[PDB]
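Counting neighbours? That spans all protein chains shown, and the Cβs are built from the backbone with ideal geometry, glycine included. Please treat every number below as a calculation from the coordinates, not as lab data.
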Amino acid sequence: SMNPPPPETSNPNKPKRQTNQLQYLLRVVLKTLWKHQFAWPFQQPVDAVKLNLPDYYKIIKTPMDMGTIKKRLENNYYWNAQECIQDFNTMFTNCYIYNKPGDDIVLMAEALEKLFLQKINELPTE
Ligand SMILES: CCS(=O)(=O)Nc1cccc(-c2cn(C)c(=O)c3ccccc23)c1
């Protein structure tokens, strides 16, 4: 079994910007979610090999995780905050698509998403 390459976190051709919203997303939002008791399964790409999930990447074709988001924020990959917010949303949605309602991982994702949405209500004006 093999995992796919992770999502891109570096691309010298992609224009980059360091907006106050992106700074908030790193310094406040990501940092707070990262320490949550349920964050650990989301801190790196799903390792379908290690977890014996051979169908994971047959079903999930747009993978995303908080480790990738952290690298994108820390390595100035984004142009705007919406790109980052979309990455979080992709992470959560993938979990809800792949797993059954009521699976522990889904409950963990839902708790993180509730927190994420509350925090982004305080995103500063651009
Ligand atoms: C740090 C990423 S890991 O892959 O190295 N470890 C890890 C450990 C426990 C749980 C999962 C996990 C994560 N997600 C997002 C899932 O959807 C999922 C679905 C079924 C079974 C396990 C998981 C991954």
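Once the Cα-Cα distance is subtracted from the 0.36 nm per residue extended length, the residue 59 to residue 16 segment shows a gain of 12.4 nm. For residue 126 and residue 97, what is the calculated FRET efficiency with R₀ set at 41 Å and r taken between the beta-carbons, to the nearest 0.05? So the FRET efficiency works out to roughly 0.85. Relative to the longest principal axis of the chain, what angle (0 to 90°, nearest 10) does the C-alpha long axis of helix 81-98 take? The helix 81-98 is inclined about 10 degrees to the chain.
Pairs over the 20 Å Cα-Cα cut-off, from the set 58/100; 16/114; 31/61: 16/114; 31/61.
Over every Cα atom in the range 19-123, the radius of gyration and the widest Cα-Cα span, Dmax, amount to 13.5, 40 Å.
One chain, two ends: residue 76 and residue 117. Fully extended at 0.36 nm per residue, the span grows by 12.5 nm beyond their Cα-Cα distance.
Taken one residue at a time, the phi angles of the range 54-71 give Karplus couplings (6.51, -1.76, 1.60, θ = phi - 60°) of x, 8, 4, 7, 6, 9, 9, 9, 10, x, 7, 8, 6, x, 5, 4, 4, 5 Hz. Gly and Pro are set to x.
Model label points for residue 105 and residue 50, set 7 angstrom from Cα along the Cα-to-Cβ axis, are 1.3 nm apart.
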